[PDB]
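Notes follow once the structure below has been shown.
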Amino acid sequence: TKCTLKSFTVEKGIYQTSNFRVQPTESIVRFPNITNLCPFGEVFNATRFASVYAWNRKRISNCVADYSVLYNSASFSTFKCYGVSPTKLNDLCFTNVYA
Amino acid sequence: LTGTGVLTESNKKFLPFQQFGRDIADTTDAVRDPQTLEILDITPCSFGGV
Amino acid sequence: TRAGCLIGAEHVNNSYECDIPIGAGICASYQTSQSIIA
Amino acid sequence: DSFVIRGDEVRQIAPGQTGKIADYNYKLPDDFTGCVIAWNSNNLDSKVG
Amino acid sequence: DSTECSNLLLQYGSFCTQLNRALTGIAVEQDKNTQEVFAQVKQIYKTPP
Amino acid sequence: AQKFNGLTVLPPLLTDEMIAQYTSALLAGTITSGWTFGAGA
Amino acid sequence: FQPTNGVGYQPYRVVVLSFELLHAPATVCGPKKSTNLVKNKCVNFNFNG
Amino acid sequence: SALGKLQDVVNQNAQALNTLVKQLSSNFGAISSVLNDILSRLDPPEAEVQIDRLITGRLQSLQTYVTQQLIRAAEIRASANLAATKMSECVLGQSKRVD
Amino acid sequence: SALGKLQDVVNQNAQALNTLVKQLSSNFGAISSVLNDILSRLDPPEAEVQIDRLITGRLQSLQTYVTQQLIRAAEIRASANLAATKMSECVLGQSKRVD
Ligand SMILES: *[C@@H]1O[C@H](CO)[C@@H](O)[C@H](O)[C@H]1NC(C)=O
Ligand SMILES: *[C@@H]1O[C@H](CO)[C@@H](O)[C@H](O)[C@H]1NC(C)=O
Ligand SMILES: *[C@@H]1O[C@H](CO)[C@@H](O)[C@H](O)[C@H]1NC(C)=O
């Protein structure tokens, strides 16, 4: 009541209060049974790429997207993501992926 | 989907093409657990205000 | 109560005038040591 | 805070970015209230061989 | 059920608290309306047989 | 509750049973006492 | 690093200045030269930034 | 039924809540309507403005509901004052007032 | 414990002003709660967003202060109309109305 009314003194009556009593202390993460590595080598390390007039669309599915494996071999000059931050990308699932 | 709330058993049927279930548009209410396909609906961490 | 459970006050069968309105026909007051009664 | 990186990793300095520098080497806090000053130094740091 | 719940309460709880105080005043106003209309004389008499 | 995004309804302090009791008392007093009901005894 | 490498592989020196603003007494300031103080007058003031 | 006037009040109450929850349906020009989606998809520094926009729309909805409740409470208070006048002047005593 | 109504009015006014101060103390999603700070350390074209965020947040807080004053003034008007009707009937005349 002192926190909700923002005052040390509280007058006689009944007061509705905001929830400060419960603070969580555990974290659970549930993600599907996927362990195969995504074919990042095929879409990043191919000898031949199609031109811009016919851009090549590749479906990515049924795998786990670990972006770290890409740090060692290559470095990306531009990495700009819209709608999703570069952070929390590894903590977040993706429904439909086309490269 | 990230959140802080109580999880309880759901008796709501889900069609195969849909994953989440929002009773009110603003808040997600139910989810399909990925490892076990049983439906799990999310009740708030706090109940009705004391 | 019909409004909900009350913990922290003692229920008495005697009826007095309402001081703090709990609701659903229940009220609370500070009376005699001294304690909150519903 | 002074260090030396590559050209591609300069964008990794900015807060909210991910990379080999951001995750494992140097991470700006989300609410950074400061400046980042980067300049090319091919004549000084780089040497033949 | 947001992750950063306490920060949201700290930044935006007093505004909602004022609105909830207004709604509680509405509820007390309607209760007092019932008390004024129905409870005018507090004497209770048995129904005649 | 959760479905109304936190909008709950508060039950009134005067329940329908006590309201019916108040109306029964008013009817009994109006029939049996005239206008001497509210003036004390 | 090699001097014949591309612009992405050339060295870049990065200095990150981190500072807190208007929450503490200041030990470092800018190029603005201080003027005389005026008391009890409606005037534009710049006190410690 | 000539009693449906009170029904109107009940219906009006329900109608207000219906409109209120419809106001929770809109995202108020944000990325997503759901709070948790905005928390999960974006890093916090991009997310303060989106959270501010979304819950500011929600709080404006609550304020508008408060104003509508106050209008209907003024009408109900006027009707209750009239009914209490009928209680004091006609039930308890005889009224010479016409009509 | 007599005279509780007048003391309740005074405490309600004090609580309304205190809640106004506590709402106004919030930063309303801006960089800093102080307007002078975000004039001093931010150039105007991107500063205007923080300006009107903080300012409209403060103004909205006044709106809810105004509406709380409105419902309190409605209750006070009900009590004052009761008092005026009593001064017209109880004091300057004899009322047959019971209780
Ligand atoms: C790409 O292929 C080359 C040649 O096999 C290899 O040396 C390099 O390590 C590969 N990079 C990745 C993505 O593993
Ligand atoms: C995932 O694997 C674990 C361990 O074998 C198993 O217990 C669980 O049921 C699996 N879930 C599925 C089938 O998606
Ligand atoms: C009040 O009356 C109830 C009737 O069920 C009884 O059970 C209870 O013990 C009484 N309480 C007392 C002793 O005041």
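Please note that chains go A, B, ... in the order of the structure tokens, that every chain numbers its residues from 1, and that ligands are numbered from 1 in the order shown.
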Run DSSP on the backbone and give me the residues of chain F it puts in alpha helix (DSSP H), as a ChimeraX atom specification.
-> /F:16-33
Go ahead and save the picked residues with C-alpha atoms, as a PDB file, in the first residue's frame.
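Written file, out15.pdb:
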```
ATOM      1  CA  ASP F  16     -29.708  -8.742  -3.455  1.00  0.00           C
ATOM      2  CA  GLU F  17     -30.788 -10.547  -0.282  1.00  0.00           C
ATOM      3  CA  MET F  18     -30.215  -7.523   1.961  1.00  0.00           C
ATOM      4  CA  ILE F  19     -31.783  -5.251  -0.659  1.00  0.00           C
ATOM      5  CA  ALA F  20     -34.859  -7.497  -0.604  1.00  0.00           C
ATOM      6  CA  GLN F  21     -34.777  -7.334   3.206  1.00  0.00           C
ATOM      7  CA  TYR F  22     -34.668  -3.518   3.063  1.00  0.00           C
ATOM      8  CA  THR F  23     -37.624  -3.424   0.663  1.00  0.00           C
ATOM      9  CA  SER F  24     -39.523  -5.887   2.874  1.00  0.00           C
ATOM     10  CA  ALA F  25     -38.903  -3.638   5.886  1.00  0.00           C
ATOM     11  CA  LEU F  26     -40.062  -0.581   3.915  1.00  0.00           C
ATOM     12  CA  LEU F  27     -43.254  -2.364   2.813  1.00  0.00           C
ATOM     13  CA  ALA F  28     -43.974  -3.584   6.351  1.00  0.00           C
ATOM     14  CA  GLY F  29     -43.428  -0.116   7.802  1.00  0.00           C
ATOM     15  CA  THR F  30     -45.467   1.635   5.111  1.00  0.00           C
ATOM     16  CA  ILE F  31     -48.397  -0.742   5.615  1.00  0.00           C
ATOM     17  CA  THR F  32     -48.338  -0.991   9.414  1.00  0.00           C
ATOM     18  CA  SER F  33     -46.947   2.350  10.650  1.00  0.00           C
TER      19      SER F  33
END
```
Env. residues ligand 2 / 8 Å / only C-alpha atoms and all ligand atoms / as number ranges by chain | A: 32-33; B: 34-37
Enumerate as a PyMOL selection string the residues within 6 Å of ligand 1, counting only C-alpha atoms and all ligand atoms.
-> chain A and resi 41+45+73
Create the file for the chosen residues now, containing N, CA and C atoms and written as a short mmCIF file (atom, residue, chain, number, x, y, z; two decimals), in the first residue's frame.
```
data_model
loop_
_atom_site.label_atom_id
_atom_site.label_comp_id
_atom_site.auth_asym_id
_atom_site.auth_seq_id
_atom_site.Cartn_x
_atom_site.Cartn_y
_atom_site.Cartn_z
N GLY A 41 26.93 -23.45 -45.47
CA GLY A 41 28.03 -23.57 -46.41
C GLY A 41 27.57 -23.52 -47.85
N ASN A 45 29.11 -20.29 -49.29
CA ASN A 45 30.44 -20.68 -49.73
C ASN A 45 30.42 -21.31 -51.12
N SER A 73 35.44 -18.51 -40.91
CA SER A 73 35.86 -18.59 -42.31
C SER A 73 35.73 -17.25 -43.02
#
```
Neighbourhood of ligand 3 at 8 Å, counting only C-alpha atoms and all ligand atoms, reported as a tab-separated table (two decimals) with N, CA, C and O atoms, in the first residue's frame:
```
chain	number	residue	atom	x	y	z
C	11	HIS	N	-13.60	-13.58	12.03
C	11	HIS	CA	-15.03	-13.46	11.78
C	11	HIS	C	-15.81	-13.54	13.08
C	11	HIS	O	-15.58	-14.44	13.90
C	12	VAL	N	-16.73	-12.61	13.28
C	12	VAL	CA	-17.59	-12.57	14.46
C	12	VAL	C	-19.04	-12.72	14.00
C	12	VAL	O	-19.39	-12.33	12.88
C	13	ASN	N	-19.87	-13.33	14.85
C	13	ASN	CA	-21.27	-13.50	14.50
C	13	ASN	C	-22.07	-12.24	14.78
C	13	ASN	O	-23.13	-12.02	14.19
C	14	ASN	N	-21.58	-11.40	15.69
C	14	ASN	CA	-22.25	-10.14	15.99
C	14	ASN	C	-22.12	-9.18	14.81
C	14	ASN	O	-21.11	-9.15	14.11
```
May I ask you to extract the residues of chain A within 9 Å of chain I, using only C-alpha atoms, and to give them as a short mmCIF file (atom, residue, chain, number, x, y, z; two decimals) with N, CA and C atoms, in the first residue's frame?
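New file out.cif:
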```cif
data_model
loop_
_atom_site.label_atom_id
_atom_site.label_comp_id
_atom_site.auth_asym_id
_atom_site.auth_seq_id
_atom_site.Cartn_x
_atom_site.Cartn_y
_atom_site.Cartn_z
N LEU A 5 0.37 3.71 -3.15
CA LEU A 5 -0.03 5.07 -2.84
C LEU A 5 1.13 6.05 -2.86
N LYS A 6 2.37 5.54 -2.93
CA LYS A 6 3.60 6.35 -3.00
C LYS A 6 3.74 7.28 -1.79
N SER A 7 3.31 6.82 -0.62
CA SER A 7 3.39 7.60 0.60
C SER A 7 3.61 6.67 1.78
N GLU A 11 -4.05 6.02 4.91
CA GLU A 11 -5.27 6.30 5.71
C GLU A 11 -6.15 5.07 5.83
#
```
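One finds CA of residue 43 (chain B) at 21.3 Å from CA of residue 51 (chain H).
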Residue 38 (chain C) environment, 8 Å, only C-alpha atoms, sequence neighbours closer than 2 positions dropped, as a PyMOL selection string | chain C and resi 9-12+26-29+36
Using only N, CA, C and O atoms, please write the residues we just selected to a file, as a CSV table (one decimal), in the first residue's frame.
```
chain,number,residue,atom,x,y,z
C,9,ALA,N,-8.2,-11.1,9.3
C,9,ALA,CA,-9.2,-10.7,10.1
C,9,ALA,C,-10.0,-11.9,10.7
C,9,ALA,O,-10.1,-12.9,10.0
C,10,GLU,N,-10.6,-11.7,11.8
C,10,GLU,CA,-11.4,-12.7,12.5
C,10,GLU,C,-12.9,-12.5,12.3
C,10,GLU,O,-13.3,-11.4,12.4
C,11,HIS,N,-13.6,-13.6,12.0
C,11,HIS,CA,-15.0,-13.5,11.8
C,11,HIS,C,-15.8,-13.5,13.1
C,11,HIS,O,-15.6,-14.4,13.9
C,12,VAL,N,-16.7,-12.6,13.3
C,12,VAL,CA,-17.6,-12.6,14.5
C,12,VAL,C,-19.0,-12.7,14.0
C,12,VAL,O,-19.4,-12.3,12.9
C,26,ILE,N,-19.9,-7.8,3.5
C,26,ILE,CA,-18.9,-8.0,4.5
C,26,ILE,C,-18.2,-6.6,4.7
C,26,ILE,O,-18.0,-5.9,3.7
C,27,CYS,N,-17.9,-6.3,6.0
C,27,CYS,CA,-17.3,-5.0,6.3
C,27,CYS,C,-16.3,-5.3,7.4
C,27,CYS,O,-16.3,-6.3,8.1
C,28,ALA,N,-15.3,-4.4,7.6
C,28,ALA,CA,-14.2,-4.5,8.5
C,28,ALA,C,-14.1,-3.3,9.4
C,28,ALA,O,-14.5,-2.2,9.0
C,29,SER,N,-13.6,-3.6,10.6
C,29,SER,CA,-13.4,-2.5,11.6
C,29,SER,C,-12.3,-2.9,12.6
C,29,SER,O,-12.1,-4.1,12.8
C,36,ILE,N,-8.2,-6.3,13.8
C,36,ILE,CA,-9.2,-6.1,12.7
C,36,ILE,C,-10.2,-7.3,12.8
C,36,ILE,O,-9.8,-8.4,12.8
```
Would you kindly return, as an NGL selection string, each protein, DNA or RNA residue with an atom no farther than 9 Å from any atom of residue 77 (chain H), considering only C-alpha atoms and excluding same-chain residues fewer than 3 positions away?
-> (:E and (29-30 or 33)) or (:H and (72-74 or 80-82)) or (:I and (78))
Write to file, as a PDB file, in the first residue's frame, the residues of the selection just made, with C-alpha atoms.
```
ATOM      1  CA  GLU E  29     -20.190   6.182  -6.045  1.00  0.00           C
ATOM      2  CA  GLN E  30     -22.574   3.482  -7.305  1.00  0.00           C
ATOM      3  CA  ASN E  33     -26.139   5.458  -4.688  1.00  0.00           C
TER       4      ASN E  33
ATOM      5  CA  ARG H  72     -22.703   6.838 -17.525  1.00  0.00           C
ATOM      6  CA  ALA H  73     -22.060   7.177 -13.786  1.00  0.00           C
ATOM      7  CA  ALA H  74     -23.271  10.782 -13.919  1.00  0.00           C
ATOM      8  CA  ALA H  80     -30.480   7.403  -8.412  1.00  0.00           C
ATOM      9  CA  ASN H  81     -30.938  10.878  -6.925  1.00  0.00           C
ATOM     10  CA  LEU H  82     -34.352  11.014  -8.598  1.00  0.00           C
TER      11      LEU H  82
ATOM     12  CA  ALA I  78     -24.003  15.951  -5.069  1.00  0.00           C
TER      13      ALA I  78
END
```
Report the closest atom pair, with its distance in Å rounded to one decimal, for each residue of chain B that has an atom no farther than 10 Å from chain A; count only C-alpha atoms, sort by chain and then rising residue number, and write it as a tab-separated table.
```
residue	atom	partner	partner_atom	distance
B:1	CA	A:92	CA	7.3
B:2	CA	A:92	CA	8.7
B:3	CA	A:27	CA	9.9
B:4	CA	A:24	CA	7.6
B:5	CA	A:24	CA	9.0
B:33	CA	A:30	CA	7.2
B:34	CA	A:32	CA	4.8
B:35	CA	A:32	CA	5.3
B:36	CA	A:32	CA	8.9
B:45	CA	A:22	CA	8.0
B:46	CA	A:19	CA	6.8
B:47	CA	A:19	CA	9.0
B:48	CA	A:19	CA	9.6
B:49	CA	A:17	CA	6.6
B:50	CA	A:16	CA	6.1
```
Given the selection you just returned, output its residues as a file containing N, CA, C and O atoms, formatted as a compact mmCIF listing (two decimals), in the first residue's frame.
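Everything below was put into out.txt:
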```txt
# COMPACT_ATOMS: atom_id res chain seq x y z
N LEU B 1 8.99 -17.45 -28.26
CA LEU B 1 8.18 -16.51 -27.50
C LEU B 1 8.63 -16.46 -26.05
O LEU B 1 8.64 -17.48 -25.35
N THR B 2 8.99 -15.26 -25.58
CA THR B 2 9.54 -15.06 -24.25
C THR B 2 8.50 -14.42 -23.35
O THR B 2 7.83 -13.47 -23.76
N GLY B 3 8.36 -14.94 -22.14
CA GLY B 3 7.40 -14.37 -21.21
C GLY B 3 7.63 -14.84 -19.79
O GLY B 3 8.41 -15.76 -19.53
N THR B 4 6.94 -14.18 -18.86
CA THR B 4 6.94 -14.55 -17.44
C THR B 4 5.50 -14.77 -17.01
O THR B 4 4.74 -13.81 -16.84
N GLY B 5 5.12 -16.03 -16.81
CA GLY B 5 3.76 -16.36 -16.44
C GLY B 5 3.62 -17.82 -16.09
O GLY B 5 4.51 -18.63 -16.35
N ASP B 33 3.58 -26.75 -27.18
CA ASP B 33 4.94 -27.04 -26.75
C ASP B 33 5.66 -27.82 -27.85
O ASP B 33 5.07 -28.72 -28.45
N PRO B 34 6.91 -27.48 -28.17
CA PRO B 34 7.58 -28.10 -29.32
C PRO B 34 7.97 -29.56 -29.12
O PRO B 34 7.74 -30.38 -30.02
N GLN B 35 8.56 -29.90 -27.97
CA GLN B 35 9.05 -31.26 -27.77
C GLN B 35 7.90 -32.23 -27.56
O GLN B 35 7.89 -33.32 -28.14
N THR B 36 6.93 -31.86 -26.73
CA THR B 36 5.73 -32.66 -26.50
C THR B 36 4.54 -31.87 -27.05
O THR B 36 4.29 -30.75 -26.61
N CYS B 45 1.18 -14.51 -14.29
CA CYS B 45 1.95 -14.77 -13.08
C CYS B 45 1.20 -14.29 -11.84
O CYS B 45 1.20 -14.97 -10.81
N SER B 46 0.56 -13.13 -11.93
CA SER B 46 -0.24 -12.59 -10.84
C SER B 46 -1.71 -12.83 -11.11
O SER B 46 -2.18 -12.70 -12.25
N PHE B 47 -2.45 -13.18 -10.06
CA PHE B 47 -3.89 -13.36 -10.14
C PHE B 47 -4.58 -12.01 -9.96
O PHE B 47 -3.96 -10.95 -10.09
N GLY B 48 -5.89 -12.05 -9.72
CA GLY B 48 -6.64 -10.81 -9.52
C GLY B 48 -6.10 -10.01 -8.35
O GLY B 48 -5.82 -10.55 -7.28
N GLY B 49 -5.95 -8.70 -8.57
CA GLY B 49 -5.26 -7.82 -7.65
C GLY B 49 -5.80 -7.78 -6.24
O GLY B 49 -7.00 -7.55 -6.03
N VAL B 50 -4.92 -8.01 -5.26
CA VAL B 50 -5.33 -8.08 -3.87
C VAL B 50 -5.75 -6.70 -3.38
O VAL B 50 -5.28 -5.66 -3.88
```
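Residue nearest residue 32 (chain E), chosen from H:66, H:9, H:76, H:20 and counting only C-alpha atoms: H:76.
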If you count only C-alpha atoms, which residues fall within 10 Å of residue 23 (chain B), apart from same-chain ones fewer than 3 positions away, as a list in words?
-> residues 26, 27, 28, 29 and 30 of chain B; 2, 3, 4 and 5 of chain F
Store the residues picked out above, limited to N, CA, C and O atoms, as a compact mmCIF listing (two decimals), in the first residue's frame.
```txt
# COMPACT_ATOMS: atom_id res chain seq x y z
N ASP B 26 -4.23 -8.63 -27.78
CA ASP B 26 -3.02 -8.07 -27.13
C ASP B 26 -2.14 -9.14 -26.46
O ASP B 26 -0.92 -8.99 -26.53
N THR B 27 -2.72 -10.16 -25.82
CA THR B 27 -1.89 -11.12 -25.04
C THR B 27 -2.00 -12.55 -25.57
O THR B 27 -3.12 -13.00 -25.81
N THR B 28 -0.86 -13.24 -25.74
CA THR B 28 -0.90 -14.67 -26.15
C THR B 28 -1.48 -15.46 -24.98
O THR B 28 -1.13 -15.16 -23.83
N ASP B 29 -2.34 -16.44 -25.26
CA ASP B 29 -3.00 -17.18 -24.16
C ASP B 29 -2.55 -18.64 -24.17
O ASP B 29 -2.36 -19.17 -23.09
N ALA B 30 -2.41 -19.25 -25.35
CA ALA B 30 -2.04 -20.65 -25.44
C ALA B 30 -0.88 -20.83 -26.42
O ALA B 30 -0.64 -19.98 -27.28
N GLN F 2 -8.49 -12.62 -16.91
CA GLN F 2 -7.40 -12.68 -17.92
C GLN F 2 -7.98 -12.41 -19.31
O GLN F 2 -7.30 -11.74 -20.10
N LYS F 3 -9.19 -12.90 -19.58
CA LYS F 3 -9.84 -12.72 -20.91
C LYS F 3 -10.23 -11.26 -21.13
O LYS F 3 -10.29 -10.84 -22.29
N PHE F 4 -10.50 -10.51 -20.05
CA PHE F 4 -10.86 -9.08 -20.18
C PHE F 4 -9.60 -8.22 -20.02
O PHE F 4 -9.75 -6.99 -19.91
N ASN F 5 -8.42 -8.84 -20.00
CA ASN F 5 -7.14 -8.11 -19.86
C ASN F 5 -7.11 -7.35 -18.53
O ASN F 5 -6.61 -6.22 -18.51
```
Chain I contacts to chain H at 7 Å (only C-alpha atoms) as a list in words | residues 29, 97 and 98 of chain I
Restricting the output to C-alpha atoms, write the selected residues as an mmCIF file, in the first residue's frame.
```cif
data_model
loop_
_atom_site.group_PDB
_atom_site.id
_atom_site.type_symbol
_atom_site.label_atom_id
_atom_site.label_comp_id
_atom_site.auth_asym_id
_atom_site.auth_seq_id
_atom_site.Cartn_x
_atom_site.Cartn_y
_atom_site.Cartn_z
ATOM 1 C CA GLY I 29 10.043 6.804 -21.940
ATOM 2 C CA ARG I 97 -40.105 14.562 4.380
ATOM 3 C CA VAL I 98 -39.168 11.700 6.686
#
```
Within 9 Å of residue 76 (chain A) using only C-alpha atoms, minus same-chain residues under 2 positions, as number ranges by chain | A: 71, 74, 78-79; D: 8-9
Given the selection you just returned, output its residues as a file containing N, CA and C atoms, formatted as a short mmCIF file (atom, residue, chain, number, x, y, z; two decimals), in the first residue's frame.
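File produced: part_3.cif:
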```
data_model
loop_
_atom_site.label_atom_id
_atom_site.label_comp_id
_atom_site.auth_asym_id
_atom_site.auth_seq_id
_atom_site.Cartn_x
_atom_site.Cartn_y
_atom_site.Cartn_z
N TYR A 71 31.78 -17.12 -38.26
CA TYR A 71 32.78 -16.13 -37.86
C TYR A 71 34.18 -16.51 -38.36
N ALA A 74 34.65 -16.51 -42.77
CA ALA A 74 34.37 -15.30 -43.51
C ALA A 74 33.95 -14.19 -42.56
N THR A 78 28.53 -5.97 -44.32
CA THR A 78 27.25 -5.37 -43.96
C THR A 78 26.35 -6.44 -43.36
N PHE A 79 25.81 -6.16 -42.17
CA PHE A 79 24.87 -7.05 -41.49
C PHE A 79 23.77 -6.19 -40.87
N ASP D 8 35.79 -4.72 -41.54
CA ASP D 8 34.43 -5.26 -41.51
C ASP D 8 33.84 -5.22 -40.10
N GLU D 9 34.69 -5.25 -39.08
CA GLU D 9 34.23 -5.37 -37.70
C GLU D 9 33.90 -4.03 -37.05
#
```
Could you please write out, as a count of residues only, every residue of chain C that DSSP assigns to strand (DSSP E)?
-> 13
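Going from CA of residue 11 (chain G) to CA of residue 47 (chain A) covers 28.0 Å.
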Near chain E, 12 Å: chain C residue rows, closest pairs, only C-alpha atoms, as JSON lines:
```
{"residue": "C:17", "atom": "CA", "partner": "E:42", "partner_atom": "CA", "distance": 10.5}
{"residue": "C:18", "atom": "CA", "partner": "E:35", "partner_atom": "CA", "distance": 11.7}
{"residue": "C:20", "atom": "CA", "partner": "E:28", "partner_atom": "CA", "distance": 11.6}
{"residue": "C:21", "atom": "CA", "partner": "E:28", "partner_atom": "CA", "distance": 9.4}
{"residue": "C:22", "atom": "CA", "partner": "E:28", "partner_atom": "CA", "distance": 11.3}
{"residue": "C:23", "atom": "CA", "partner": "E:31", "partner_atom": "CA", "distance": 9.7}
{"residue": "C:24", "atom": "CA", "partner": "E:31", "partner_atom": "CA", "distance": 11.1}
{"residue": "C:25", "atom": "CA", "partner": "E:31", "partner_atom": "CA", "distance": 11.5}
```
Next, dump the selected residues to file, keeping only N, CA, C and O atoms, as a PDB file, in the first residue's frame.
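So again.pdb came out as:
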```pdb
ATOM      1  N   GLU C  17     -22.274  -1.698  12.506  1.00  0.00           N
ATOM      2  CA  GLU C  17     -22.327  -0.829  11.341  1.00  0.00           C
ATOM      3  C   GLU C  17     -21.004  -0.879  10.580  1.00  0.00           C
ATOM      4  O   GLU C  17     -19.933  -1.099  11.151  1.00  0.00           O
ATOM      5  N   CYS C  18     -21.094  -0.682   9.267  1.00  0.00           N
ATOM      6  CA  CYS C  18     -19.929  -0.799   8.402  1.00  0.00           C
ATOM      7  C   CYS C  18     -18.971   0.366   8.613  1.00  0.00           C
ATOM      8  O   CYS C  18     -19.388   1.526   8.685  1.00  0.00           O
ATOM      9  N   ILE C  20     -15.196  -0.082   7.163  1.00  0.00           N
ATOM     10  CA  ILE C  20     -14.456  -0.241   5.919  1.00  0.00           C
ATOM     11  C   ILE C  20     -15.214  -1.247   5.064  1.00  0.00           C
ATOM     12  O   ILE C  20     -15.337  -2.408   5.460  1.00  0.00           O
ATOM     13  N   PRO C  21     -15.735  -0.858   3.902  1.00  0.00           N
ATOM     14  CA  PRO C  21     -16.542  -1.797   3.111  1.00  0.00           C
ATOM     15  C   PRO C  21     -15.707  -2.826   2.364  1.00  0.00           C
ATOM     16  O   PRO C  21     -15.050  -2.509   1.367  1.00  0.00           O
ATOM     17  N   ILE C  22     -15.724  -4.069   2.849  1.00  0.00           N
ATOM     18  CA  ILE C  22     -15.055  -5.151   2.132  1.00  0.00           C
ATOM     19  C   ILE C  22     -15.819  -5.486   0.860  1.00  0.00           C
ATOM     20  O   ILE C  22     -15.231  -5.631  -0.219  1.00  0.00           O
ATOM     21  N   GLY C  23     -17.134  -5.595   0.961  1.00  0.00           N
ATOM     22  CA  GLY C  23     -17.965  -5.966  -0.162  1.00  0.00           C
ATOM     23  C   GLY C  23     -18.696  -7.276   0.087  1.00  0.00           C
ATOM     24  O   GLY C  23     -18.399  -8.026   1.023  1.00  0.00           O
ATOM     25  N   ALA C  24     -19.687  -7.532  -0.777  1.00  0.00           N
ATOM     26  CA  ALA C  24     -20.535  -8.729  -0.734  1.00  0.00           C
ATOM     27  C   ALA C  24     -21.205  -8.900   0.629  1.00  0.00           C
ATOM     28  O   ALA C  24     -21.379 -10.016   1.121  1.00  0.00           O
ATOM     29  N   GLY C  25     -21.587  -7.782   1.240  1.00  0.00           N
ATOM     30  CA  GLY C  25     -22.194  -7.820   2.552  1.00  0.00           C
ATOM     31  C   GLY C  25     -21.240  -8.003   3.704  1.00  0.00           C
ATOM     32  O   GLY C  25     -21.679  -8.337   4.807  1.00  0.00           O
TER      33      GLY C  25
END
```
Do me a favour and pick out the residues of chain I within 10 Å of chain G, using only C-alpha atoms, as an NGL selection string.
-> :I and (37 or 40-41)
Those selected residues, please, written with N, CA, C and O atoms and delivered as a compact mmCIF listing (two decimals), in the first residue's frame.
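Everything below was put into out14.txt:
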```
# COMPACT_ATOMS: atom_id res chain seq x y z
N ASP I 37 18.00 18.63 -19.40
CA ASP I 37 19.06 17.71 -19.80
C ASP I 37 18.96 17.38 -21.29
O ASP I 37 19.96 17.39 -22.01
N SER I 40 20.01 20.07 -23.35
CA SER I 40 21.44 20.37 -23.28
C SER I 40 22.27 19.38 -24.09
O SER I 40 23.21 19.78 -24.79
N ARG I 41 21.95 18.09 -24.02
CA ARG I 41 22.80 17.07 -24.61
C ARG I 41 22.22 16.45 -25.88
O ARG I 41 22.70 15.40 -26.32
```
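Of the residues under consideration (D:46, D:25, D:41, D:17), D:17 shows the shortest atom-to-atom contact distance to chain H when counting only C-alpha atoms.
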Residues of chain E near chain F: apply a cut-off of 9 Å, count only C-alpha atoms, and supply the list as an MDAnalysis selection string.
-> chainID E and resid 27 30:31 34:35 38:48
